[PDB]
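See structure below.
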Amino acid sequence: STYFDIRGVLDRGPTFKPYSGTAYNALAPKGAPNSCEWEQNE
Amino acid sequence: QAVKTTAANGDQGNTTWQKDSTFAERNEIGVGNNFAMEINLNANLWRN
C-alpha cells in the first residue's frame, strides 16, 4: 500500500518541441515570401 | 507606378505628381486571388 507523494515545479527548457511539422501557415508554399519591400541603389 | 497628393487645393487626390522619385518605376504588384490548381485527393487514392 505505502508509496511516496511528491509535488513540485519543473521547467522543460527552451529546446522542447512535442509535435512534428509546423503550426504557422502550414499549407504555405515552401518558398513563397509575403508582402514586403526593400531598399536598393539607383 | 506610384504617386503623391498634389497641392490639394480641391479634388486633387488622384491629381498627382510622380512619387517614384523615392521609389522604382516598374514595381511589381499583384491583383486579386493568386493562381491555383485544384486537385481532389482521397477519392483518387481510393480509386488507385
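Chains as they are written, first to last, in the entry's author numbering: chain J, 98 to 139; chain K, 435 to 482. Ideal Cβ positions, reconstructed from N, Cα and C, are used throughout, including at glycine.
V465 of chain K and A436 of chain K have their C-alpha atoms some 16 Å from each other. Going by C-alpha positions, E139 of chain J is about 29 Å away from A442 of chain K. The continuous beta strand (DSSP E) containing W451 of chain K extends over residues 450-452. The residues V437, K438, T439, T440, in chain order, have a CB closer than 7 Å to that of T450 of chain K in the same chain once the five nearest residues on each side in sequence are set aside.
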